[PDB]
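Asker: The amino acid sequence is not available; the structure is as follows:
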Ligand SMILES: *CC(=O)NCC1CCN(C(=O)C2(Oc3ccc(Cl)cc3)CCOCC2)CC1
Ligand SMILES: *CC(=O)NCC1CCN(C(=O)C2(Oc3ccc(Cl)cc3)CCOCC2)CC1
Ligand SMILES: [Mg+2]
Ligand SMILES: [Mg+2]
Ligand SMILES: [Mg+2]
Ligand SMILES: [Mg+2]
Ligand SMILES: [Mg+2]
Ligand SMILES: [Mg+2]
């Protein structure tokens, strides 16, 4: 899963 | 804190 | 009961799904539903019930400790007044924790314990009764504190007496019961010598019985024995 | 509103306590209460709101993924039929997730966005609007799926257009917006080239502006830049 903020 | 199960 | 319309088997299935999803509040609600069907629980089912509520209350206890610490700091000299909010929120978390403990104790009293005739089930439920009174004791500050502590002690003691008569010293329920009763003595009853004696005697009696075990039973028993040793190392 | 009787300042104070206690559901409820007082939010207050709901929905999303995976496996050839329970429980978690997203989007529409005139606040809330439509999109399977996706895209695009006009390329809100819009392109819009282009261009434009920054601003910006690089490494 990719990084989000 | 001590171990409990 | 919001779970009254759901099949017992469906509740158990969903409890297992909720565990995999780490949805312990749901898991607990499913298992409460299953208990309230009125049938006795299998070993697996007892463990689902215990895992669910352990996780829910464990989270509550951790939060309560954070809040209590903040509150204590607020009442030191030189701490600037911040109003009622810290106490209110600690109380809120406390009340929720007490509610979960009362729910669990309710299930045990209506009617898990009374129907539990086999040593393995009866000891398991009395250990739980001791544990949830111990959690109530951790946050008790008033008139009933001594009675809460004695309720925990009484449940643990009945469990100990049965476990000693009916189970081998390596039985994981017997070990876990002793582990937790030892913690009760150290943390709740202000009896660290009793806690140490219990953990030590339990460890040594288990050690002497390991030879009787299969590899898989050995793994289960030694894991808990290590928890006893960990506590002993902490306390000595 | 169950929080209608509590002071705005008390709600914010309690949100901060709930964060320390890792009680994100409570934190979110406190912040919802604070928003519903009707006053604009400060930067700190916006961050409390976002942290609270990020954690709540993040947990829901993780659970939904576990359940969806189990459900998918159940529909492979050679999978023995287990009844409706997996679908029901996935639906339950899904409905709860959708409810949280609708709550957040509700707060943004009534009336956070319309009152947000400064670039920093307006971009922050439009990014959130994009994010919570993206979460709705992750679980959408029906008639409105395209409209949900377009709602996310539209919010992100408005945010991008403002951020490009009004904020430096190193601004953490601008960076985080681009990070998440890039993920939207990759995971939701089936546009991996757009995702890669966006992450790369955002990284490079930030790199070129780092020289203007204090040590503390540098730390904030480079942290998010590393997240862009992490995604790029994942995707290439
Ligand atoms: C029905 C039954 O036999 N239940 C206990 C069973 C074996 C012991 N066990 C464990 O080993 C762990 O957890 C507990 C939980 C409760 C009690 Cl009383 C003792 C031990 C789970 C794995 O980590 C070590 C302890 C639970 C299942
Ligand atoms: C009011 C405001 O300026 N808000 C953003 C602020 C600086 C950036 N920031 C962060 O660096 C971390 O989280 C976010 C959250 C949202 C957005 Cl849009 C960007 C970044 C928090 C620390 O880890 C890195 C990201 C939040 C506070
Ligand atoms: Mg039936
Ligand atoms: Mg109280
Ligand atoms: Mg003795
Ligand atoms: Mg007021
Ligand atoms: Mg649905
Ligand atoms: Mg472009």
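Answerer: Nice, I can see it. Numbering: from 1, shown residues only, chains lettered A, B, ... in the order given. Ligands and ions are numbered 1, 2, ... in the order given.
Asker: When you work out contacts or count neighbours from here on, use the C-alpha atoms and nothing else.
Answerer: OK.
Asker: starting at the chain centroid, how far to the lengthiest helix in chain C?
Answerer: As assigned by DSSP state H, the longest helix anywhere in chain C is helix C:43-74. Averaged C-alpha coordinates place helix C:43-74 at 9 Å from its chain's average position (Cα atoms, centre = their mean, to the nearest Å).
Asker: do that helix and chain D meet at all?
Answerer: Yes: Helix C:43-74 is in contact with chain D by Cα under 8 Å from any Cα of the partner chain, via C:62, C:63, C:64, C:66, C:67.
Asker: for those residues, which one is nearest residue D:137?
Answerer: residue C:63 (33.0 Å; Cα to Cα).
Asker: what number of residues lie near residue C:210?
Answerer: 17 (other Cα atoms under 10 Å in any protein chain shown).
Asker: What count of nearby residues applies to the nearest residue in space to it that is not next to it in sequence?
Answerer: Using Cα to Cα, 6 or more residues apart in numbering or on different chains and skipping residues adjacent in sequence, the residue nearest residue C:210 is residue C:218, 6.3 Å away. Using other Cα under 10 Å, residue C:218 is surrounded by 17 other residues.
Asker: For chain C, what lies in contact range of ligand 1?
Answerer: C:43, C:44, C:47, C:124, C:172, C:173, C:176, C:177, C:220, C:224 (Cα under 6 Å from any ligand atom).
Asker: how about a cut-off of 5 Å?
Answerer: C:43, C:172, C:173, C:176 (Cα under 5 Å from any ligand atom).
Asker: Pick out the most distant pair among the residues you listed.
Answerer: C:43 and C:176 (15.1 Å).
Asker: Between those two, point out the one with more neighbours.
Answerer: Between residue C:43 and residue C:176, counted using other Cα under 10 Å, the more crowded position is residue C:176 (23 against 11).
Asker: could you list every residue that touches residue C:121?
Answerer: residue C:43 (Cα atoms under 8 Å, 6 or more residues apart in numbering or on different chains).
Asker: which element is it on?
Answerer: Per DSSP states H and E: residue C:121 is located in helix C:119-139.
Asker: do the same with residue C:88
Answerer: helix C:85-107.
Asker: wait, does stretch C:189-201 contact chain B?
Answerer: No: judged by Cα under 8 Å from any Cα, stretch C:189-201 and chain B are separated, with a smallest distance of 11.3 Å.
Asker: Quick check: the residue nearest to residue C:199 when sequence neighbours are not counted vs residue D:158, distance?
Answerer: In this structure, residue C:199 finds its nearest non-sequential neighbour in residue C:228, 5.7 Å apart by Cα to Cα, 6+ apart. Separation of residue C:228 from residue D:158 (Cα to Cα, to the nearest Å) stands at 59 Å.
Asker: cool, and residue C:29?
Answerer: Residue C:29 sits 43 Å away from residue D:158, taking Cα to Cα as the criterion.
Asker: Looking at these two, which is more packed in?
Answerer: residue C:29 (19 against 15).
Asker: host element of the more buried one?
Answerer: helix C:24-35.
Asker: quick one, that helix and helix C:43-74 angle?
Answerer: Interaxial angle of helix C:24-35 relative to helix C:43-74 (axes from the mean of the first three to the mean of the last three Cα atoms, to 10 degrees): 140 degrees.
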